[PDB]
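Q: This is the structure I want to talk about, given as structure tokens.
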Amino acid sequence: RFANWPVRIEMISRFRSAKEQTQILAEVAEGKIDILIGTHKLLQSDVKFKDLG
DNA sequence: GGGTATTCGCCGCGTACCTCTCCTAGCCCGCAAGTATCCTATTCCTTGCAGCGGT
């Protein structure tokens, strides 16, 4: 759906490797991934959003 | 037959007052309260075989 907008969409779960999950968390805390779809991993206290609305 | 004896079972044994304790056993049925297996996250590590520098 968002294939024609400047919006970054990323997925986090156990499927994503341990090497890229940390990268995704760094990107999210930095404030560059505007959509983050995730399972219960999102509630593990290490998922810090820059500006959540 | 019957007069007698013997047994058996029923009935009976004071008044008034004070203190205290305790008045069915057990089953059932439904409440409800506390437990073994199934998926999606998590923290826990210990092996097997090929590259591979290096000489």
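How things are named: the first chain in the structure tokens is A, the next is B, and so on; residues count from 1 in each chain; ligands count from 1 in the order shown.
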Would you list the contacts of residue 41 (chain B) as a count of residues only, taking every protein, DNA or RNA residue within 10 Å and counting only C-alpha atoms (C1' of nucleotides), but skipping same-chain residues closer than 5 positions in sequence?

A: 8

Q: Between CA of residue 51 (chain A) and CA of residue 16 (chain A), what is the distance in Å, rounded to a tenth?

A: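 Computed distance, CA of residue 51 (chain A) to CA of residue 16 (chain A), equals 23.3 Å.
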
Q: What's the separation between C1' of residue 47 (chain B) and CA of residue 21 (chain A), in Å to one decimal place?

A: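 Those two atoms sit 26.1 Å apart.
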
Q: If you run DSSP on this backbone, which residues of chain A come out as helix (DSSP H, G or I), and could you give them as a PyMOL selection string?

A: chain A and resi 18-30+40-43

Q: Give me a file of those residues, with C-alpha atoms, as a compact mmCIF listing (two decimals), in the first residue's frame.

A:
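Output saved as result21.txt:
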```txt
# COMPACT_ATOMS: atom_id res chain seq x y z
CA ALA A 18 19.58 -11.44 16.00
CA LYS A 19 21.98 -9.34 13.90
CA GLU A 20 19.26 -7.35 12.12
CA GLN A 21 16.82 -7.05 15.04
CA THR A 22 19.37 -4.85 16.83
CA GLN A 23 19.76 -2.81 13.63
CA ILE A 24 15.98 -2.37 13.46
CA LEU A 25 15.86 -1.29 17.11
CA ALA A 26 18.64 1.23 16.48
CA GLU A 27 16.78 2.59 13.45
CA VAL A 28 13.52 2.86 15.40
CA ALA A 29 15.12 4.63 18.36
CA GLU A 30 16.88 6.90 15.87
CA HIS A 40 5.16 -9.52 21.52
CA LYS A 41 8.78 -8.49 20.90
CA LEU A 42 7.51 -4.88 20.82
CA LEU A 43 6.73 -5.09 24.57
```

Q: When you draw a straight line from CA of residue 53 (chain A) to CA of residue 3 (chain A), how long is it in Å?

A: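 One can read the CA of residue 53 (chain A) to CA of residue 3 (chain A) distance as 21.9 Å.
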